[PDB]
Peer 1: 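Got a structure here, written out as structure tokens. Questions coming.
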Amino acid sequence: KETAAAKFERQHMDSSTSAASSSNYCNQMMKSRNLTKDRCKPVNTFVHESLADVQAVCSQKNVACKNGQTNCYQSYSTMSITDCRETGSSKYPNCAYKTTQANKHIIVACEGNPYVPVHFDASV
């Protein structure tokens, strides 16, 4: 059904803004990207850069993934990102999130032919 690449774009890509729109960004986006459907996803990161710039990270600095696989890549540039972190007050089905914008290096896992991002590992 949903490709791994498509799932990455739905969960992690938001090129349509340059930063976190507002303090309510994570509440709206976690909902609209269907990450509060079956439970409140506790944490999530959105990347504000172009799809082409995020796809280009698959050719950048190869680093170990947190799960010990070898197919993770760190961006040479900093990127505009928004971190979403579920609050203590959050109870499913009204998932509640603190929005934090940052400019950080991203780490993504890449797979497939073509070789594309499928997982957001970390920011640094």
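Scope of the values below: all heavy atoms of this structure, side chains included, with no hydrogens, waters or symmetry mates. This chain uses plain numbering: 1 for the first residue, then up along the sequence.
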Peer 1: Under a 4.5 Å cut-off applied to non-hydrogen side-chain atoms, are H48 and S15 in contact?
Peer 2: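 Of all side-chain heavy-atom pairs linking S15 with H48, none is under 4.5 Å.
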Peer 1: So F46 and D83, do their side chains get closer than 4.5 Å, heavy atoms only?
Peer 2: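 A side-chain contact is absent here, since even the closest heavy-atom pair is not under 4.5 Å.
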Peer 1: Output yes when a side-chain donor or acceptor of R85 lies under 3.5 Å from a complementary backbone atom of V43, and no otherwise.
Peer 2: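 Not confirmed, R85 side chain does not pair with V43 backbone.
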Peer 1: Is there a donor-acceptor pair under 3.5 Å between the side chain of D121 and the backbone N or O of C72?
Peer 2: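 The answer is no, because no donor-acceptor pair under 3.5 Å joins these two groups.
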Peer 1: Report yes if the side chains of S80 and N103 come closer than 4.5 Å at any heavy-atom pair, otherwise no.
Peer 2: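 Heavy-atom side-chain distance check passes, below 4.5 Å.
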Peer 1: Would you say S32's side chain and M29's backbone share a donor-acceptor pair under 3.5 angstrom?
Peer 2: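 It does hold such a pair.
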Peer 1: When you measure from the side chain of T87 to the backbone of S90, do you find a donor-acceptor pair of N or O atoms at a distance under 3.5 Å?
Peer 2: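 Present.
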Peer 1: Is there a side-chain contact between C65 and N71 in this structure, where contact means two heavy atoms from C-beta onward sitting under 4.5 Å apart?
Peer 2: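 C65 reaches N71 side chain to side chain.
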Peer 1: Enumerate, atom names and distances included, each donor-acceptor pair closer than 3.5 Å involving a side-chain atom of residues 104-112, sequence neighbours excluded.
Peer 2:
unit_1 : atom_1 : unit_2 : atom_2 : d
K104   : NZ     : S123   : OG     : 2.9
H105   : NE2    : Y76    : O      : 3.1

Peer 1: What distance separates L35 CG from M30 CE, expressed to the nearest 0.5 Å?
Peer 2: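 The CG atom of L35 sits 4.5 Å away from the CE atom of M30.
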Peer 1: Please identify each residue that fulfils ring pair (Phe, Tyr, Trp, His ring centres under 6.0 Å) with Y97, with sequence neighbours left out.
Peer 2: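 By the ring pair (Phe, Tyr, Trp, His ring centres under 6.0 Å) rule, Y97 matches no residue at all.
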Peer 1: Checking the side chain of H119 only, and the main-chain atoms of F8 only, is there a donor and an acceptor separated by less than 3.5 Å?
Peer 2: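 Checked: no pair found.
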Peer 1: Name all residues meeting the ring pair (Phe, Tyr, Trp, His ring centres under 6.0 Å) criterion together with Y115; count only those two or more places apart in sequence or in a different chain, and write none if there are none.
Peer 2: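 If we apply the ring pair (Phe, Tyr, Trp, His ring centres under 6.0 Å) test to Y115, skipping adjacent residues, the hits are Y73.
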Peer 1: Tell me the closest heavy-atom pair linking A5 and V116, and the distance in Å.
Peer 2: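 In this case the closest contact between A5 and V116 is CB-CG2, 3.7 Å.
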Peer 1: Test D38 against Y92 for side chain to side chain donor-acceptor pair (under 3.5 Å), laying out the working first.
Peer 2: CA-CA 9 Å; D38 298 342; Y92 181 86; 5.4 Å; no
Peer 1: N44 side chain to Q11 main-chain N or O, any donor-acceptor pair under 3.5 Å?
Peer 2: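 A pair under 3.5 Å: yes.
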Peer 1: For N34 and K37, which I'm curious about, is there any donor-acceptor pair between the side chains at under 3.5 Å?
Peer 2: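 Side-chain D/A pair, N34 to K37: absent.
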Peer 1: Are any of the side-chain heavy atoms of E86 and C40 separated by less than 4.5 Å?
Peer 2: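 Yes, their side chains come closer than 4.5 Å.
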Peer 1: Taking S50 for its side chain and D53 for its backbone only, find out whether a donor-acceptor pair lies under 3.5 Å.
Peer 2: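 Here the side-chain-to-backbone pair exists.
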Peer 1: Return the minimal non-hydrogen interatomic distance between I81 and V47, and the atom names on each side.
Peer 2: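 Heavy-atom minimum between the residues: CG2-CG2, 4.1 Å.
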Peer 1: Go through the steps to decide whether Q74 and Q60 satisfy the test side chain to side chain contact (heavy atoms under 4.5 Å, CB included), and finish with yes or no.
Peer 2: CA-CA 6 Å; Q74 187 174 318; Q60 293 178 27; over 6 Å; no
Peer 1: State, with a plain yes or no, whether a side-chain heavy atom of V118 is found less than 4.5 Å away from one of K7.
Peer 2: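 No, their side chains stay 4.5 Å or more apart.
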Peer 1: Kindly say whether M13 contributes a backbone atom to a donor-acceptor pair with the side chain of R33 at under 3.5 angstrom?
Peer 2: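 Flag set: sc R33 to bb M13 pair under 3.5 Å.
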Peer 1: Are side-chain heavy atoms of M79 and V54 found at a separation under 4.5 Å?
Peer 2: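 Contact flag for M79/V54 side chains = yes.
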Peer 1: Between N27 and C95, which heavy-atom pair has the shortest distance, and what is it?
Peer 2: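 Shortest heavy-atom separation between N27 and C95 comes out as OD1-O, 4.0 Å.
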Peer 1: Is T82 close to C26 at the side-chain level, that is, under 4.5 Å between some pair of heavy atoms?
Peer 2: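 Counting from C-beta outward, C26 and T82 do come under 4.5 Å.
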